[PDB]
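J.: Here it is, the structure in full.
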Amino acid sequence: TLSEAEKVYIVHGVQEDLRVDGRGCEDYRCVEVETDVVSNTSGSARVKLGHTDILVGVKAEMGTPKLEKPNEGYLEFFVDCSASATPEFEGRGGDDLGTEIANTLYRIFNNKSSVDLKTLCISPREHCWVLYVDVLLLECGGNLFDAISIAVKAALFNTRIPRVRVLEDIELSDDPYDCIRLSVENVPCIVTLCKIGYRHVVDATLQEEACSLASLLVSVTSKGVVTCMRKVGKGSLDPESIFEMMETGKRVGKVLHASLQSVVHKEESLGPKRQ
Amino acid sequence: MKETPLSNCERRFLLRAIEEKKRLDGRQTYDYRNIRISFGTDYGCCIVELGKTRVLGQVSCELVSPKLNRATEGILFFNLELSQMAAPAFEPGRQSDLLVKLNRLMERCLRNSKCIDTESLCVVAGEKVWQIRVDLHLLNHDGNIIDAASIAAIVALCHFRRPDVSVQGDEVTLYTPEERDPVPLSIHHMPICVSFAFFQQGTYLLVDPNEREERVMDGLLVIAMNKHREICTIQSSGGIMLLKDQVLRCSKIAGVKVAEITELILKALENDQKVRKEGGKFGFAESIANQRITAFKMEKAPXXXXXXXXXXXXXXXXXXXXXXXXXXXXXXXXXXXXXX
Amino acid sequence: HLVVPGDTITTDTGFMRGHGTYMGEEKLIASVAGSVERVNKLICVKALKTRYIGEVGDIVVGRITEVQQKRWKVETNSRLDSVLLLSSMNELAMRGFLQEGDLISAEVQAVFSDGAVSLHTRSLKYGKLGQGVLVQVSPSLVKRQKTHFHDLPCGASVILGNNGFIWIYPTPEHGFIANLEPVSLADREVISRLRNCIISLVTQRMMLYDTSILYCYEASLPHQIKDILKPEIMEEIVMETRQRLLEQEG
Amino acid sequence: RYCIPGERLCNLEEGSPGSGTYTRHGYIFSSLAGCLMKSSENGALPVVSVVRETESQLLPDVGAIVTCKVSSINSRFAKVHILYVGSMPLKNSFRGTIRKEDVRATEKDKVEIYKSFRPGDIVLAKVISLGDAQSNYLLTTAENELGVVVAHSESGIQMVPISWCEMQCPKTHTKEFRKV
Amino acid sequence: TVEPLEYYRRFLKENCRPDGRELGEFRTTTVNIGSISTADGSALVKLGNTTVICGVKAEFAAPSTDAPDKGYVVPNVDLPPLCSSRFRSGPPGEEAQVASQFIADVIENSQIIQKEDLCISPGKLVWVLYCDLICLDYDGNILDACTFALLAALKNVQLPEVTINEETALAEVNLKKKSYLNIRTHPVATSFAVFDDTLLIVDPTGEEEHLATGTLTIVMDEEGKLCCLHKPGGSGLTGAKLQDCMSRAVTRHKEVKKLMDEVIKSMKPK
Amino acid sequence: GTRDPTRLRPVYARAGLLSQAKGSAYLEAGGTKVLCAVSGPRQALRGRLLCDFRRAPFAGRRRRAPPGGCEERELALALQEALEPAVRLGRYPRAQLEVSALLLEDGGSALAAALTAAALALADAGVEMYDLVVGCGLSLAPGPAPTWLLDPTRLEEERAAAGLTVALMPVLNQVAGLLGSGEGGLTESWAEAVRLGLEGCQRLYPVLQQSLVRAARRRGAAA
Amino acid sequence: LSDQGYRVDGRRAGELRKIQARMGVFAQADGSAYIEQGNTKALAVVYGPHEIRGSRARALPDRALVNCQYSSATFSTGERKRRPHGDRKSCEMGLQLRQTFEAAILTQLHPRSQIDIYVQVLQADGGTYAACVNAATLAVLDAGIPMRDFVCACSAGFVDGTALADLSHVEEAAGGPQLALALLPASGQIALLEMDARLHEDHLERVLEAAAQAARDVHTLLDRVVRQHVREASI
């Protein structure tokens, strides 16, 4: 739950560069994404982070994309908390993170402009492409807010938007012909830093987050640009200490962010019909 | 609010007596309490009495724009409400378990029977279609609901009257004066509810349980059978050992009953139609209005009406007259200087 | 014998039932989704992932939940919850003793039809403890007391409770403050690694006792890479572990 | 003569503060916010504090006297609302949360709660030991001057006490029992 | 205190309020017109530290099918946990709402503006009004604070012109803003606080209206056209007794009328 | 139009303004007005704080009537997380205080306007806070190359080349709440507002602590 | 449609639609199960008889307590809709779940214990209910909690004057002739039972029988999927 007798080691241990599980300080764990597992729509991924499970789907839509920005395409993210996700939050408990992450994933991809408002804009001012990225959480392996960063992108490279031709009306859809597909590595991501003393960590079990008041929100693209980044906590920090964690963002993120951003092909190569 | 308490013996013995295959309200195992039906002043209004349980049925008429897809068959809606005055424990909001199950459960067999046409209402498909909403209000609550609950609606559904005068091309016009004639409906099939209560391993089975019974019963089943001796829906609840076999009599037995029950709707449904065309007498219920005690009706005169109306000046003049001069003062108080 | 819950057992006279077994309509059925076990003149089932439910005097550590003006309520993985009341602690008196949520050792007096597990401490063998090393394991991953109550040559000494709960602490140097200070970076690597070492056996549906945990520890000689990747290494770890353990037997 | 919770004056080398206290590494920062006050100690140094407009702070004393108006009446238990733990107190925080028992409703006699102090009237009593095990306080009316002081008739009159165990209204005639 | 019941009235028996007022006291009456830029018509009125600002935004819609070319006026009376901690932390409060409609019923009992003028394109266009007023500090006559917050907030509204060219709508900000907002009738509302035996005070306070026993408000057109009368159970009454309220209300009406009429040449153009 | 690479609009603040709430706060920013009514400590093992966010149903040109649960969901929450470390919690065990704030107007930075206004009602009320929380606006012009701005206008923040709003505690420089949705620059390029951040708080830190005493005085001197 | 001994899906109206199930999946609960009725997917999880959690109030003593949540993937269906708004169904659904085990589960040895089982529809394709039924069933079998009998639910549709079992989705689209039941072969009691179709009072024996037997199969099927998971986990 949350004990002090134990919170003691937790903090020194992480400063000591001796996490808990034979991990130094900035150590991760075997994290994989299986792309497409929902035989019901475009983008699909099941990223299992430590002891957490996330799934994201995507589908396409036509017509009006809004009023002030008709000549384009924007994304819709709907998020869900699974009663199986939080043995705690039941029926009126999803609302929490369920609305929040829905917004955190909503702002990042919002300003990121890593969105082909172009590869999603039918008849501008009339028809536009709309994809719904939906989420579900099946567990919590700690740092779970990050697994969404991956399942949120990892499911995007597989968004084989259908090759659709409209002719005024008339609709043409080729199930065999899947080419009007859009996927780019401009896609943003999430990097968090919660402190465990002055030795701050990313991707740390809950037992671990348990020893901290705040964490840092950082977002980087393929290489290193920044999307929505924020400070998240009930406590406080020191700005001088901000730029350090801050850079930990472009610095550590791109690591497995780059190594993963690649794996999308690893599944696409050893299985064009094998899978 | 107030939790209607429940003795031990009361319950136990209530059962004791079921073990006796004897009904406490002294009836037989497959009978109904007498059920009455009163019709409203206006058309589309009704009241049901499953003998102590009371329901309210009201239907609505509208020219809404049908939905997307099959913009060719207008929609309809119904709602069932549980009142405070319904039961004590019926503080609006909590009983969902009933309002959930029941509202939906009920509403199921409605779209199940499709006993209601959805295109005959549809005037200008894709554009203006008709929306008929029906509302159920559980006035009093005693024993078997869903049944009076159904009756309520069906019974209601047949009485409502949709308007229509002249709509040509893409224009819509209807006048109550012409509406004095066209105003009927598409009641293809008429399904009803029959619940069966079980007692101790359903080794005893009751029908149309009263409130008290309602409590004592371990598990209950419902059934839906339209005049055409066929089902529409069934529902098992209160968890029991419902042997496919036995499940079978009830099913049967339910049909048996739905039979007669219908009789009434039509029966009275007719009796009502008759009165409008003859002597005339809409209203809510004069029957309870004539039966000795706890009710009275009489009509009384209005020159006591105009005699005093002139007194108004007396009190209007005597008082206010002297009361209006304080104004000269209020003119200058907060307005003049407030220019800041 | 293996049978799905709802089946039937050899019915004869002089037969008694166990947990997972019942009598229905003059017969015997398996209530629990388990396997068939017949020991003596008592029948019972084996369960895959059950809960805690020990016997006789028992030892387990609990995490603490809310405590009330006359008793302290602790948590223990089981259809049962563990609550101890001032009758063995060696209004605010309690608040100083057992804080909010803590890890405590215990002696188990008795669990009665009252459907509960009660606790009364006595020593540091049954004392409040602190540090930060708890193990969450199906309580079915236990052996016996005879081969229990031990400190092993690993740089630390560990205790596990008759439930699936194991705590790892460092050898004493002779009682609340004892650990209030951060132990050395050396004591830090013995236990932190033991963390990843203990999971595989479990992951590998393997037991967990002294001479057992010893060899799964010994096996650490090669892949010393302390943060043991759960799928790959551990896969091997037990292989060798049983290899060094089983050879001790046959 | 004012301070904001973000300015500092002295430090651990001169005084400690009770009011508006905020300290880090030895200096004096002001926790509270509103006004500044300094303290003089019988030790050759000063204590520092911010000013608590609410000079009135919790002060209901253990075995102390109080002014209270009854609430609910159980012919076995009696409930009350206390407002003045004497008079200086106006506090309404503890509002009316206090209990007394017949045994302590007097020192002699044996007259039921029902015949001592009713639901609506104000009563006076001293305080007994308090066991915040249930958020209640014990009080007594076992005094020659203690007891209850308020009297309302059936008509809506006020009553005077005709005796040690009575109050009455002049209008109608009610010979009633109340621990005067 | 739960005790001072009469205390408050002690002032009353010897007619006088612990406020320093008596039979009729239009205390601090202040308005800030158009104080809200990000709104086409606004008026803030704070009386005895209660703040109901009428924030009006306009929107374009479509007059009902039955009521072909009919304008659109929409009000909302809200009170958050602001004006008084003694308020809920969510959806509208019991009274919170009654007023909402009150204004509305008033809006409709008043005829202030003929829906006629709201229609952008008679039969396919309409002008929507959102006059949301919110009491920042609650305490006394939460009812009047609106008749004014609203009456004034409206005169503060001004919009361009309406045009449809080849199946399009042409209205530009810097268009022609005429008749911005003008109502042939400017009735206002007043609130009296009463006490059982009808000894009543006016412009009741948060506490005054509190231990009150009866509330009554009256709205009357300029010409003295009793818009609506409100009396959530007032201990009973007298036509004459009411007669006093009748006329003496008129008075506080002229005052406010002037209080606003005074913002005409000054706070309006300054 | 454009101005300084750090200019501040006029800073106007009179708090305690609220006669019904225990702690009051108000703001101005040549376009922003943010009110904060705070509620004492009540019980519902060491309690915390309650904060809420709302935006006038007429705060702009368009009319957002329903209390946009999502909109404020985050605005109130983050705000809570931000002001959150500001007050103590040990003086309110098993207690909870509520903080309410509405934005009548949005003068671009009205976001911080709230983070600020609220701070007032707090001590204004007189809570167990430690440091004061200061927030400001900081935008990056539409400019070709990196053209940077400090605290935008309702007309100005709408054409931003990035979106951010962050706060910190003056006196003890404590990272209040930094919230920006990346749009321009690299992990470092952000140090732009981060350093441009400590400027504002230190800057108004007085102008703020000053308006509190003004009322604290008018009230203090009142009784 | 469907005929000549070949239903529309392409299968004997008496032959179910192969289902594989992964039970005892995530081990971070206690009761875990995964399954798909051919092309209908959903995940059901239960947590042991933990002592009454949240809202310490309500707490049935004599016997345990039961809770079950049902929700479906917004795309699991054909298109996509609002799950927390169109609750009416789900909840209604959920209760159904509740009742079913609430009957068979043995809360008689878990006084005050509170067992919560939540289920989610991953890919929806007919017999939705019957799915989670077992889907849940298995979930518990995993959390091994004792239970009277092992139970599974089937569907039974009557079309072309004939009885079909497990009306997948397409046929669910029919005249709507569909009935389902939950069943405990133990003695064959009919735990739950919900039919919602306009059938005449006598295709029952038939349709009734249809699902009835159908379960009995689904049972033996999982009976193995289960008998297997016991021996291997036995290692």
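Naming works like this for the structure tokens: A, B, ... for the chains as they're shown, residue 1 at the start of each chain, ligands 1 onward in shown order.
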I need the residues in range 55-129 of chain G that are strand (DSSP E or B) according to DSSP; give them as a list in words.
T.: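 Taking range 55-129 of chain G and keeping strand (DSSP E or B) gives residues 66, 67, 68, 69, 70, 71, 72, 113, 114, 115, 116, 117, 118, 119, 120, 121, 122 and 123 of chain G.
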J.: Go ahead and save the picked residues with C-alpha atoms, as a PDB file, in the first residue's frame.
T.:
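As a result, selection35.pdb now contains:
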```pdb
ATOM      1  CA  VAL G  66     -20.921 -10.553  -5.052  1.00  0.00           C
ATOM      2  CA  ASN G  67     -20.141  -7.869  -7.586  1.00  0.00           C
ATOM      3  CA  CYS G  68     -19.666  -7.869 -11.346  1.00  0.00           C
ATOM      4  CA  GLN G  69     -18.903  -5.200 -13.934  1.00  0.00           C
ATOM      5  CA  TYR G  70     -19.625  -5.356 -17.581  1.00  0.00           C
ATOM      6  CA  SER G  71     -18.343  -3.067 -20.307  1.00  0.00           C
ATOM      7  CA  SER G  72     -17.576  -3.491 -24.031  1.00  0.00           C
ATOM      8  CA  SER G 113     -16.407 -11.640   2.030  1.00  0.00           C
ATOM      9  CA  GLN G 114     -16.806  -9.493  -1.078  1.00  0.00           C
ATOM     10  CA  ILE G 115     -16.068 -11.140  -4.455  1.00  0.00           C
ATOM     11  CA  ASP G 116     -16.072  -8.855  -7.403  1.00  0.00           C
ATOM     12  CA  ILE G 117     -15.840 -10.155 -10.978  1.00  0.00           C
ATOM     13  CA  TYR G 118     -15.585  -7.749 -13.824  1.00  0.00           C
ATOM     14  CA  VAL G 119     -15.949  -8.486 -17.471  1.00  0.00           C
ATOM     15  CA  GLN G 120     -15.092  -6.746 -20.666  1.00  0.00           C
ATOM     16  CA  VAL G 121     -16.069  -7.415 -24.261  1.00  0.00           C
ATOM     17  CA  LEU G 122     -13.071  -7.136 -26.512  1.00  0.00           C
ATOM     18  CA  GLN G 123     -14.620  -8.237 -29.850  1.00  0.00           C
TER      19      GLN G 123
END
```
J.: Got a sec: who's within 9 Å of residue 145 in chain G, counting only C-alpha atoms, leaving out chain neighbours fewer than 5 positions off, as a VMD selection string?
T.: (chain C and resid 20 31 to 33 47 49 to 50) or (chain G and resid 31 48 to 49 105 to 106 140)
J.: Could you give me, as a CSV table (one decimal) with N, CA, C and O atoms, in the first residue's frame, the residues within 12 Å of range 99-113 of chain D, counting only C-alpha atoms and dropping anything in the same chain fewer than 2 positions from it?
T.:
```
chain,number,residue,atom,x,y,z
D,68,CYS,N,-25.6,25.9,28.5
D,68,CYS,CA,-26.1,25.1,27.4
D,68,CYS,C,-27.6,24.9,27.4
D,68,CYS,O,-28.3,25.1,28.3
D,69,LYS,N,-28.0,24.6,26.2
D,69,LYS,CA,-29.4,24.4,25.9
D,69,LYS,C,-29.6,23.0,25.4
D,69,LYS,O,-29.0,22.6,24.4
D,70,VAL,N,-30.5,22.3,26.1
D,70,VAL,CA,-30.8,20.9,25.8
D,70,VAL,C,-31.1,20.6,24.4
D,70,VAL,O,-31.5,21.5,23.6
D,71,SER,N,-31.1,19.3,24.0
D,71,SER,CA,-31.4,19.0,22.6
D,71,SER,C,-32.5,17.9,22.6
D,71,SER,O,-33.7,18.2,22.6
D,72,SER,N,-32.0,16.6,22.6
D,72,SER,CA,-32.9,15.5,22.6
D,72,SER,C,-33.0,14.9,24.0
D,72,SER,O,-32.1,15.0,24.8
D,73,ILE,N,-34.2,14.4,24.4
D,73,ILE,CA,-34.4,13.8,25.7
D,73,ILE,C,-34.8,12.3,25.7
D,73,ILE,O,-35.8,12.0,25.1
D,74,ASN,N,-34.0,11.5,26.3
D,74,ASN,CA,-34.2,10.0,26.4
D,74,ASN,C,-34.5,10.0,27.9
D,74,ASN,O,-33.7,10.5,28.7
D,75,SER,N,-35.6,9.3,28.2
D,75,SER,CA,-35.9,9.3,29.7
D,75,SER,C,-34.8,8.6,30.4
D,75,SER,O,-34.8,8.5,31.6
D,76,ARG,N,-33.8,8.2,29.6
D,76,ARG,CA,-32.6,7.5,30.2
D,76,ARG,C,-31.3,8.3,30.0
D,76,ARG,O,-30.4,8.4,30.9
D,77,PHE,N,-31.2,9.0,28.8
D,77,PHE,CA,-30.0,9.7,28.5
D,77,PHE,C,-30.4,11.2,28.2
D,77,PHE,O,-31.6,11.3,27.7
D,78,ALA,N,-29.6,12.1,28.4
D,78,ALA,CA,-29.9,13.5,28.1
D,78,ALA,C,-28.9,14.2,27.2
D,78,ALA,O,-27.7,13.9,27.3
D,79,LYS,N,-29.3,14.9,26.2
D,79,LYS,CA,-28.4,15.5,25.2
D,79,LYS,C,-28.5,17.1,25.3
D,79,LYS,O,-29.5,17.7,25.6
D,80,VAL,N,-27.4,17.7,24.9
D,80,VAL,CA,-27.3,19.2,25.0
D,80,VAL,C,-26.4,19.9,24.1
D,80,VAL,O,-25.5,19.4,23.4
D,81,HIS,N,-26.7,21.2,24.0
D,81,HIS,CA,-26.0,22.2,23.2
D,81,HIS,C,-25.4,23.1,24.1
D,81,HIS,O,-26.1,23.8,24.9
D,82,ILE,N,-24.1,23.3,24.1
D,82,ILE,CA,-23.4,24.2,25.0
D,82,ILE,C,-22.8,25.3,24.1
D,82,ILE,O,-22.4,25.1,23.0
D,96,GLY,N,-23.2,22.0,20.0
D,96,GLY,CA,-23.9,21.2,21.1
D,96,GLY,C,-23.6,19.8,20.8
D,96,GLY,O,-24.1,19.1,19.9
D,97,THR,N,-22.7,19.3,21.7
D,97,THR,CA,-22.3,17.9,21.7
D,97,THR,C,-21.9,17.6,23.1
D,97,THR,O,-20.7,17.7,23.4
D,115,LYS,N,-38.3,14.4,34.0
D,115,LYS,CA,-38.7,15.3,35.0
D,115,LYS,C,-37.5,16.1,35.6
D,115,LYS,O,-37.3,16.1,36.8
D,116,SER,N,-36.8,16.7,34.7
D,116,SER,CA,-35.6,17.5,35.2
D,116,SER,C,-35.3,18.6,34.2
D,116,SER,O,-35.4,19.8,34.5
D,117,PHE,N,-35.0,18.3,32.9
D,117,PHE,CA,-34.7,19.3,31.9
D,117,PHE,C,-35.2,18.8,30.6
D,117,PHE,O,-34.7,17.8,30.1
D,118,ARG,N,-36.2,19.4,30.0
D,118,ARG,CA,-36.8,19.0,28.7
D,118,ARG,C,-36.0,19.4,27.5
D,118,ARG,O,-34.9,19.9,27.6
D,119,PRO,N,-36.6,19.1,26.3
D,119,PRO,CA,-35.9,19.3,25.1
D,119,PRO,C,-35.6,20.8,24.8
D,119,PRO,O,-34.4,21.2,24.5
D,123,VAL,N,-30.0,25.1,29.9
D,123,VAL,CA,-29.6,24.6,31.2
D,123,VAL,C,-28.1,24.9,31.5
D,123,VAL,O,-27.3,25.2,30.6
D,124,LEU,N,-27.8,24.9,32.8
D,124,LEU,CA,-26.5,25.3,33.3
D,124,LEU,C,-25.9,24.1,34.1
D,124,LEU,O,-26.6,23.4,34.8
D,125,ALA,N,-24.7,23.8,33.8
D,125,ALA,CA,-24.1,22.7,34.5
D,125,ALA,C,-22.6,22.8,34.4
D,125,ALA,O,-22.1,23.6,33.6
D,126,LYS,N,-21.9,22.1,35.3
D,126,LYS,CA,-20.4,22.2,35.3
D,126,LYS,C,-20.0,20.9,34.5
D,126,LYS,O,-20.8,20.1,34.2
D,127,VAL,N,-18.7,20.8,34.1
D,127,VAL,CA,-18.3,19.7,33.3
D,127,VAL,C,-17.6,18.6,34.1
D,127,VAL,O,-16.8,18.9,35.1
D,128,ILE,N,-17.8,17.4,33.7
D,128,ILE,CA,-17.3,16.2,34.3
D,128,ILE,C,-16.1,15.8,33.3
D,128,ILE,O,-15.8,16.5,32.4
D,129,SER,N,-15.6,14.6,33.6
D,129,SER,CA,-14.5,14.1,32.7
D,129,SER,C,-15.0,13.9,31.3
D,129,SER,O,-16.1,13.5,31.1
D,130,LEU,N,-14.1,14.1,30.4
D,130,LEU,CA,-14.3,14.0,29.0
D,130,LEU,C,-13.6,12.9,28.3
D,130,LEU,O,-12.3,12.8,28.4
D,131,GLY,N,-14.3,12.0,27.6
D,131,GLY,CA,-13.7,10.9,27.0
D,131,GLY,C,-14.0,11.0,25.5
D,131,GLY,O,-15.0,10.5,25.0
D,132,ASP,N,-13.1,11.8,24.8
D,132,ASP,CA,-13.3,12.0,23.3
D,132,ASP,C,-13.2,10.7,22.5
D,132,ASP,O,-12.9,10.7,21.4
D,134,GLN,N,-15.8,9.2,21.9
D,134,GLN,CA,-17.1,9.3,21.1
D,134,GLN,C,-17.4,10.7,20.8
D,134,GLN,O,-18.5,11.0,20.2
D,135,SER,N,-16.5,11.6,21.1
D,135,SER,CA,-16.7,13.1,20.9
D,135,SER,C,-17.7,13.7,21.9
D,135,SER,O,-18.4,14.6,21.5
D,136,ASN,N,-17.8,13.1,23.1
D,136,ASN,CA,-18.8,13.6,24.0
D,136,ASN,C,-18.2,14.1,25.3
D,136,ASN,O,-17.0,13.8,25.6
D,137,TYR,N,-19.0,15.0,26.0
D,137,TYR,CA,-18.5,15.5,27.3
D,137,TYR,C,-19.5,15.3,28.4
D,137,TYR,O,-20.7,15.2,28.1
D,138,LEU,N,-19.1,15.1,29.6
D,138,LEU,CA,-19.9,14.8,30.7
D,138,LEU,C,-20.1,16.0,31.5
D,138,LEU,O,-19.1,16.8,31.7
D,139,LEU,N,-21.2,16.3,32.1
D,139,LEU,CA,-21.5,17.4,32.9
D,139,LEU,C,-22.5,17.1,34.0
D,139,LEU,O,-23.1,16.0,33.9
D,140,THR,N,-22.6,17.9,35.0
D,140,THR,CA,-23.5,17.7,36.2
D,140,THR,C,-24.4,18.8,36.5
D,140,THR,O,-24.2,20.0,36.2
D,141,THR,N,-25.6,18.5,37.1
D,141,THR,CA,-26.5,19.4,37.6
D,141,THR,C,-26.8,19.1,39.0
D,141,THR,O,-27.9,19.4,39.5
D,142,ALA,N,-25.8,18.6,39.7
D,142,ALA,CA,-25.9,18.3,41.1
D,142,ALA,C,-25.4,19.4,42.0
D,142,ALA,O,-24.4,19.3,42.7
D,143,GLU,N,-26.1,20.6,41.9
D,143,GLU,CA,-25.7,21.8,42.7
D,143,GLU,C,-27.0,22.5,43.2
D,143,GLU,O,-28.0,22.4,42.5
D,144,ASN,N,-26.9,23.2,44.3
D,144,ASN,CA,-28.0,24.0,44.8
D,144,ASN,C,-28.4,25.2,44.0
D,144,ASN,O,-29.5,25.7,44.1
D,145,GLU,N,-27.5,25.6,43.1
D,145,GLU,CA,-27.7,26.7,42.2
D,145,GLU,C,-27.8,26.2,40.8
D,145,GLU,O,-28.3,26.8,39.9
D,146,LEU,N,-27.1,25.0,40.6
D,146,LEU,CA,-27.1,24.4,39.2
D,146,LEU,C,-28.4,23.9,38.7
D,146,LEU,O,-29.5,24.2,39.3
D,147,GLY,N,-28.4,23.0,37.7
D,147,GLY,CA,-29.7,22.5,37.2
D,147,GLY,C,-30.0,23.2,35.9
D,147,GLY,O,-29.2,23.4,35.0
D,148,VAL,N,-31.3,23.6,35.7
D,148,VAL,CA,-31.7,24.2,34.4
D,148,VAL,C,-32.3,25.6,34.6
D,148,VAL,O,-32.9,25.9,35.7
D,164,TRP,N,-38.0,23.5,44.3
D,164,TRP,CA,-36.7,22.9,43.9
D,164,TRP,C,-36.8,22.0,42.7
D,164,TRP,O,-35.8,21.8,41.9
D,165,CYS,N,-38.0,21.5,42.4
D,165,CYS,CA,-38.2,20.6,41.3
D,165,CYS,C,-39.4,21.1,40.5
D,165,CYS,O,-40.2,20.3,40.0
D,166,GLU,N,-39.6,22.4,40.3
D,166,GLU,CA,-40.7,22.9,39.6
D,166,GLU,C,-40.6,24.3,38.9
D,166,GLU,O,-39.7,25.1,39.3
D,177,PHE,N,-42.4,19.5,36.2
D,177,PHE,CA,-41.2,19.1,37.0
D,177,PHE,C,-39.9,19.4,36.1
D,177,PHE,O,-39.8,18.9,35.0
D,178,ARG,N,-39.1,20.2,36.6
D,178,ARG,CA,-37.8,20.6,36.0
D,178,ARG,C,-36.8,20.9,37.1
D,178,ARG,O,-37.1,21.7,38.0
D,179,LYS,N,-35.6,20.3,37.0
D,179,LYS,CA,-34.5,20.5,38.0
D,179,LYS,C,-34.1,22.0,38.1
D,179,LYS,O,-33.2,22.4,37.4
D,180,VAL,N,-34.8,22.8,38.9
D,180,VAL,CA,-34.6,24.2,39.0
D,180,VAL,C,-33.1,24.6,39.1
D,180,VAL,O,-32.6,25.1,38.1
```
J.: Residues within 9 Å of residue 86 in chain D, please, as a list in words. Count only C-alpha atoms; anything in the same chain fewer than 3 positions from it doesn't count.
T.: residues 60, 64, 65, 66, 67, 83 and 89 of chain D
J.: Save the residues we just selected, N, CA and C atoms, as an mmCIF file, in the first residue's frame?
T.:
```cif
data_model
loop_
_atom_site.group_PDB
_atom_site.id
_atom_site.type_symbol
_atom_site.label_atom_id
_atom_site.label_comp_id
_atom_site.auth_asym_id
_atom_site.auth_seq_id
_atom_site.Cartn_x
_atom_site.Cartn_y
_atom_site.Cartn_z
ATOM 1 N N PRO D 60 -12.633 25.073 26.029
ATOM 2 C CA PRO D 60 -13.585 24.484 26.973
ATOM 3 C C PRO D 60 -12.755 23.667 27.949
ATOM 4 N N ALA D 64 -15.030 22.304 34.251
ATOM 5 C CA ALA D 64 -15.338 23.723 34.219
ATOM 6 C C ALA D 64 -16.837 23.883 34.116
ATOM 7 N N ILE D 65 -17.319 25.105 34.305
ATOM 8 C CA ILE D 65 -18.756 25.385 34.268
ATOM 9 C C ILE D 65 -19.178 25.818 32.864
ATOM 10 N N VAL D 66 -20.426 25.551 32.499
ATOM 11 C CA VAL D 66 -20.894 25.895 31.164
ATOM 12 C C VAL D 66 -22.379 26.262 31.013
ATOM 13 N N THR D 67 -22.663 26.976 29.927
ATOM 14 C CA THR D 67 -24.015 27.406 29.614
ATOM 15 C C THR D 67 -24.421 26.568 28.407
ATOM 16 N N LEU D 83 -22.858 26.561 24.650
ATOM 17 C CA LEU D 83 -22.358 27.706 23.906
ATOM 18 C C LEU D 83 -21.286 28.462 24.674
ATOM 19 N N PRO D 89 -16.176 32.426 26.186
ATOM 20 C CA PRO D 89 -16.383 31.635 24.974
ATOM 21 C C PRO D 89 -17.684 31.878 24.225
#
```
J.: Give me the residues near range 132-148 of chain C as a PyMOL selection string, where near means some atom within 7 Å (using only C-alpha atoms) and where sequence neighbours in that chain fewer than 3 positions away do not count.
T.: (chain A and resi 5-10) or (chain C and resi 49+51-52+162-169+207-210)
J.: To one decimal in Å, tell me the separation between CA of residue 56 in chain F and CA of residue 104 in chain F.
T.: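 Distance reported for this atom pair: 4.8 Å.
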J.: Could you go through range 9-225 of chain C and tell me which residues DSSP, when run on the backbone, assigns to alpha helix (DSSP H), listing them as a PyMOL selection string?
T.: chain C and resi 92-97+185-203+210-218+220-223
J.: Nearest to chain F among A:188, A:224, A:162, A:142, with distances taken over only C-alpha atoms: which residue is it?
T.: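 Comparing A:188, A:224, A:162, A:142 against chain F, the winner is A:224.
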J.: State, in Å with one decimal place, the distance from CA of residue 54 in chain G to CA of residue 88 in chain A.
T.: 8.0 Å
